[PDB]
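Colleague: My sequence and its experimental structure, below.
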Amino acid sequence: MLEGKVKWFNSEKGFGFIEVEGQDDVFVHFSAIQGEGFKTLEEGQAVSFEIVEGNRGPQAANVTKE
């Protein structure tokens, strides 16, 4: 699992970017967010996650709020 920080997140639209040291920023969609409750992220929130890449390029998967 990768560790990173939420760079920014549009809570209304349900998407943002995770920033991570060395690597580029990682697009995160709300459907990647684990746990219970309404799925959203806060700027600067610590997350653990993976990067999954299909034919639309890399994005965050299995994002867990730490």
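Modeller: Looks like it arrived, so ask away. Residues are numbered from 1 along each chain as shown.

Colleague: Dihedrals phi and psi, residue 31?
Modeller: Here is the backbone geometry of residue 31 (degrees, to the nearest 10): phi -70, psi -10.

Colleague: Grab the nearest non-local neighbour of it.
Modeller: The shortest distance from residue 31 to any non-neighbouring residue, by Cβ to Cβ, 6 or more residues apart in numbering, is to residue 39 (7.5 Å). Quick note: C-beta positions are derived from backbone N, CA and C, even for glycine.

Colleague: same deal with residue 45?
Modeller: Using Cβ to Cβ, 6+ apart, the closest residue to residue 45 is residue 6 (4.4 Å).

Colleague: Quick check: that neighbour touching residue 48?
Modeller: No. Shown here, residue 6 and residue 48 do not form a contact pair, counting by Cβ atoms under 8 Å, at 11.8 Å.

Colleague: ok now do the residue nearest to residue 31, which residues does it touch?
Modeller: 14, 30, 31, 33 (Cβ atoms under 8 Å, 6 or more residues apart in numbering).

Colleague: Most neighbours of all these, which one?
Modeller: The residue in the contacts of residue 39 with the most neighbours, by other Cβ atoms under 10 Å, is residue 33 (21 neighbours).

Colleague: Distance of residue 24 relative to residue 4?
Modeller: Using Cβ to Cβ, to the nearest Å, one gets 11 Å for the distance from residue 24 to residue 4.

Colleague: the more surrounded of these two?
Modeller: Using other Cβ under 10 Å, the more surrounded residue of residue 24 and residue 4 is residue 4, with 24 against 10.

Colleague: what helix or strand does the residue nearest to residue 9 when sequence neighbours are not counted sit in?
Modeller: Excluding its sequence neighbours, the residue lying closest to residue 9 (Cβ to Cβ, 6+ apart) is residue 16, at 3.1 Å. Using DSSP states H and E, residue 16 maps to strand 15-19.

Colleague: neighbour count winner among residue 6 and residue 48?
Modeller: Set residue 6 next to residue 48 and count neighbours by other Cβ under 10 Å: residue 6 wins out with 20 against 14.
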